[PDB]
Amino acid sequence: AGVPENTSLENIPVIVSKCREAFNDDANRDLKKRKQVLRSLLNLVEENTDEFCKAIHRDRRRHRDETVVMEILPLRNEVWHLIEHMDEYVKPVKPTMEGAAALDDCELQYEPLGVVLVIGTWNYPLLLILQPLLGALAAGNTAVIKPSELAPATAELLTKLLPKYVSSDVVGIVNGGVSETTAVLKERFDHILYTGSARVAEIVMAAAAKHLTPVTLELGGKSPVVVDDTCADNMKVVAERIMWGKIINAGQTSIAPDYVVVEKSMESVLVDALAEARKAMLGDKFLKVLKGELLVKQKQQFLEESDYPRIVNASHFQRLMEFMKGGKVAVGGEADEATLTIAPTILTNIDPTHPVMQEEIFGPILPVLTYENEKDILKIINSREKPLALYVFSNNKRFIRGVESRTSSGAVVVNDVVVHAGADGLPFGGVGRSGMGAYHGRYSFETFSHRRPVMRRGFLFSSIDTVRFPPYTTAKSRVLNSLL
């Protein structure tokens, strides 16, 4: 118990070769079949919500309610959306035609691609393996899924339960870390969706080139939060939204607030408002125990039993504790090694060249930098990689529009964080080293489909026949010259 079986290398081609045949044999082509399968994955989630929450707790130490909001309900809404709008999404589109081809009958049809690979990640292990899967299967593909090994209990359970609802020839499973994942990537797929680090994204895309496979890459970077000096009266909402977005999963969220850029005059009030938000959300007893101002008979036991989630492993814990040395610990600072607990920490007087402000934090550390004018914002943000998310807290329509226009990022949100990702009708995806492609809803269906142009002509005379057919007469030249 605890982990899934590492898939044998001999079986990895067998698993992909079976899904190939399935796709080829029309296993998931017809709309009746796609809806059954999308319904069976709704049952998987709805009937075992309890067990999944318990599994995701053992891996992440997330609370059931945190998990319900962040994973369970977004996956229910995705299944609902895709069944409701499938008949809309399959149907051909009449493009607007211009010039000669406007006399013809033209059409954009959507057709499946074939076998899709989903490679997943540990921080939201169900959501980030199944939400891609729903989209692939909604578009008439068959699929192979590779769960993160850094959430073994969630990989174990899903491996246990998924084949009771959906057959392995329709949705295949491969478990393991680097070796098992390198073997699968040697196999031919028609689209790969990958979530993870840019470093590993380069190796996937290198694998994808072997077979010319289109990739959708869901990556990270340092999502900035810009706070201006028009939010004074709302500072408690600004603080609670930014602190919520960081507290969730102990910061280990790709769209979380990575650092803040605050207008020089609003620094003190934001920081203090973040500290009160923090205290409200983590609760008094918890922070006293972590700090050591209150003793408990079984300290390790108590932290493992808390509402606050853990860091994934010892290496990322230590990395995050060394980032504290890149500034002044204004708020927080508290950690415990044996339960991989690091409470949210706000750092001031940042050396902007320190690793904490060069690499993605992906943890509870939140640096706070200031800006006197808009151009100091732009040299901070645009000197770095294009981030997955950009956040602006402001009531000024000029200041918001000016920051949008002058920066590039996966998404912008004005006056909140994170929630755009759950929003029905927006694509979710990066740009530059935050990624390429997008998915969710219509955009997963569009991503996992080939848009196929179809032109219908008759056998009768039309404009084009005056100039196309050789021989190239002098009369044909004088007609074409007259156009130029």
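Heads up: residue numbers just count along the shown sequence, starting at 1.
Inset, instruction - State which stretch shows the higher mean Cα B factor in the entry: 101 to 109 or 407 to 415. - result: Of 407 to 415 and 101 to 109, the stretch with the higher C-alpha B-factor average is 101 to 109.
Inset, instruction - May I ask you to compare 89 to 97 and 357 to 365 by their mean CA B factor in the entry and name the higher one? - result: For C-alpha atoms only, the mean B-factor is higher in 89 to 97.
Inset, instruction - Please pick out which of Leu44, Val37, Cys53, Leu426 has the largest Cα B-factor as recorded in the entry. - result: That would be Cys53, according to the entry.
Inset, instruction - Have a look at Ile247, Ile203, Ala330, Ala143 and flag the one whose Cα has the highest B-factor in the entry. - result: The record points to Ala330.
Inset, instruction - Relative to the other modelled residues of the same chain, rank the CA B-factor of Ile83 and answer lowest, middle or highest third. - result: Ranked within chain, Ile83 CA B lands in the highest tercile.
Legend entry - Chain third (lowest, middle, highest) by recorded CA B-factor, residue given as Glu446: Lowest third - that is where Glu446 ends up once the chain's C-alpha B-factors are sorted.
Legend entry - Chain third (lowest, middle, highest) by recorded CA B-factor, residue given as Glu337: Its C-alpha B-factor, which the entry lists for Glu337, ranks in the highest third among residues of this chain.
Legend entry - Lowest, middle or highest third - CA B-factor, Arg278: For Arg278, whose C-alpha B-factor we compare with every modelled residue in the chain, the answer is the middle third.
Legend entry - CA B-factor ranking of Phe393, expressed as a third of its chain: It falls in the middle third of the chain.
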